[PDB]
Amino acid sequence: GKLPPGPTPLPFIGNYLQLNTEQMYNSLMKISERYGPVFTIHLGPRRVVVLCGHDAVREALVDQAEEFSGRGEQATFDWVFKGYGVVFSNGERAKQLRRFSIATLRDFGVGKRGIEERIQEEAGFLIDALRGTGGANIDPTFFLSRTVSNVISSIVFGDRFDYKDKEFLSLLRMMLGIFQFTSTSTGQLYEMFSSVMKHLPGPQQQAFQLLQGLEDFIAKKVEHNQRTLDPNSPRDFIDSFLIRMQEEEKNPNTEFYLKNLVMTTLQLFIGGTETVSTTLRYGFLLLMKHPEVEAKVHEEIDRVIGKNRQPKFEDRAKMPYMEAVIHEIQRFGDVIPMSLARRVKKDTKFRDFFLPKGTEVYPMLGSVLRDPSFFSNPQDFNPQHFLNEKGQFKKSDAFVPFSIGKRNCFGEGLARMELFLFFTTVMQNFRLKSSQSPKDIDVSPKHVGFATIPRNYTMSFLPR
């Protein structure tokens, strides 16, 4: 009949004094040790119910999916989105935009041979670019993001960016900068005090300029499409949305208008780029750290695929080890540690607790990815967490990097195809040489807040 228990908050600052903005995950897990897997925390004035561990998260987001299907907030992103767009919208707006987005993504090849061919082709471009380095030590950050970003870019903008495109690099920097900021102490402090901070000088202002930069770019691309639009022959996601907008012009209450187009497109562009990119980057670092794992991956690739042909998505079924490795990378990486906030759609009764309608919820995906009840050694990187005795792939109900439930990631299909084809093709063609000794490679995160960011590093890609 009452909300989950938790530390007594103070007016306005909430539980700020009982938290550490540089390590929110750790702070909440600590409080969790005292109040239990389901507790209440006050992030500044924001009252939030925190769900820790697999059971609590699944019970809420899956067993009571409709009740927890609301979209919470992320102050930094809300600065530009203001509740528009598929990701941060709620109610009728979210229902229309999500349905349309999923359909439009599929119409443009997502989950089909079309997008697979697009990915294989861009993968071929990654290979060329890596060979272009001549085995020199480099920062793989943008090599990876350019390739990844061109996949979702092909869908939303009609086609790919040239790797030499300076505005392209510029946009990628904006995305990287935003994910970093939201994962820093100030970024997490902003989640608590955005009401005042959005108006104060500080790092947040610089972050805002990056978002503004992305919005301007999108608004620009949309204008260009508008003035070259063939109502019966859409080239991309944008044209599709524009056509829908024309069809809905006479509906006072349609959700299909310019702001939702711009924001939805911006969200998919960022969503489809930085998440996959960060994962690839963390993955290669993890493989250099564990030579024994790269060795096995090479054995499976050579046997199953060989050295001549391009790997294809169907090869995954014949490659249990690679599938286990990518899973372990996503589990260890814990890219979106606290997921994207949800909120109860209406008054809810959850585990003998009462959550009034509108209550914000923090599904601690990281605590699920490292639930000691589902993984033998959660803190270690070990592909075995995903293999049975005969070395066959073993799924886990605790594997939730894309979250679960009604507002789960609908980019998962695309993401998985990308992770498999990029990782495999790169490993088929190169062995990884780290700038330092494996024993010395630090795989602990550089930042953890909204996202998990790996430490900066360099490496070389040596031909096989």
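Just count from 1 along the sequence shown to find any residue number.
- Stretches 84-92 and 246-254 differ in mean C-alpha B factor, with the higher average recorded for 246-254.
- Note on 269-277 vs 390-398: mean CA B-factor is higher in 390-398.
- The entry lists C-alpha B-factors for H327, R146, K346, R342, and the highest of these is at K346.
- As recorded in the PDB entry, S376 shows the highest C-alpha B-factor of the residues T141, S153, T264, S376.
- In the deposited entry, the Cα temperature factor of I441 sits in the top third of values across the chain's modelled residues.
- The entry lists a Cα temperature factor for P234 that places it in the highest third of the chain's modelled residues.
- In the PDB entry, a CA B factor belonging to the highest third of its chain's modelled residues is recorded for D165.
- When the CA B factors of the chain's modelled residues are split into thirds, the value for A56 lands in the middle one.
- Placement of the Cα temperature factor of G333 within the chain: middle third of the modelled residues, per the deposited record.
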